[PDB]
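Here the structure comes first, spelled out in structure tokens, and everything after it is commentary.
Taken together, the values in this text are just the output of simple stated rules run on the coordinates, not laboratory data. For neighbour counting, all protein chains shown are included, and Cβ atoms are generated from backbone atoms with ideal geometry for every residue, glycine included.
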Amino acid sequence: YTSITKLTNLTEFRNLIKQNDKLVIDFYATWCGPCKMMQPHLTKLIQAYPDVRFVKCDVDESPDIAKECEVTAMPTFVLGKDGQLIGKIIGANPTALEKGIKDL
Amino acid sequence: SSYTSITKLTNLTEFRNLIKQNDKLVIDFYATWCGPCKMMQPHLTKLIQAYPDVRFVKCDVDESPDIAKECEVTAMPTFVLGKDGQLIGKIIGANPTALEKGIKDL
């Protein structure tokens, strides 16, 4: 979990979306229980889907990036496909998350 | 300050009792580490004022994980709505507009 890229500003954010055909952003907060539960799931998905770029973003540290993706709950996983925000998985939901990523 | 006076659900009995003893209810599922949850407080305060026929309570998911589990609370905040002895749906996230709409419809 500690090895994926953390988005910290809008420039990095916009760069990431334009440089990657398939992208997952994990929007979390420090000390968030459901967020932490999802870490080992994300690790496995990273390995299972090497053509998808997984990154993370701390909603308290980066409230502007959160607003830009309309993130209002934690954890939320935002799915990007070819520059578009194509889907959102709200909450610690491994099954919906895998399906969403599978379809990217 | 008004948020501090709100009844906390702390066990499953209180939870089932809440559901059996109130015609209309809202449970604010929050955590102490949750920023957007804190942002919702003034909105919850107002809703409590504005909806006297609806019973409002809160539940700290870390202090009452069994209740949070029963309501499949997987994202913070979550607001669970109840009516006439059953839970009817959830508003998920810091969204006071959607929350008020769900409450208005109770």
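Details
- Taken over the stretch A:63-104, the criterion of being closer than 19 Å to A:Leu10 by Cα and crowded, with 21+ Cβ neighbours inside 10 Å is satisfied by A:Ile65, A:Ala66, A:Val71, A:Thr72, A:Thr76, A:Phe77, A:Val78, A:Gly80.
- Per this entry, B:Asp66 is not counted among residues that are under 30 Å from A:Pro63 (Cα atoms), charged (D, E, K, R) and within 14 Å of another protein chain (Cβ to nearest Cβ).
- When the stretch A:71-87 is limited to residues that are closer than 19 Å to A:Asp60 by Cβ and assigned to a strand (DSSP E or B), the one that is nearest to the other protein chains (Cβ to nearest Cβ) turns out to be A:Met74.
- All positions within the stretch B:1-37 that are without any contact (Cβ under 8 Å) to a residue 40 or more places away in the chain and exposed (fewer than 15 other Cβ atoms within 10 Å of the Cβ): B:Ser1, B:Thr4, B:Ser5, B:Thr13, B:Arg16, B:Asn17, B:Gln21, B:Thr32
- Taken together, the criteria exclude A:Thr2 from residues that are assigned to a helix (DSSP H, G or I), β-branched (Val, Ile, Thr) and away from chain B (no Cβ under 14 Å).
- Scan of the stretch B:32-50 for residues that are under 12 Å from the mean Cα position of the chain (by Cα) and facing chain A (nearest Cβ under 10 Å), ordered by number: B:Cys37, B:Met40
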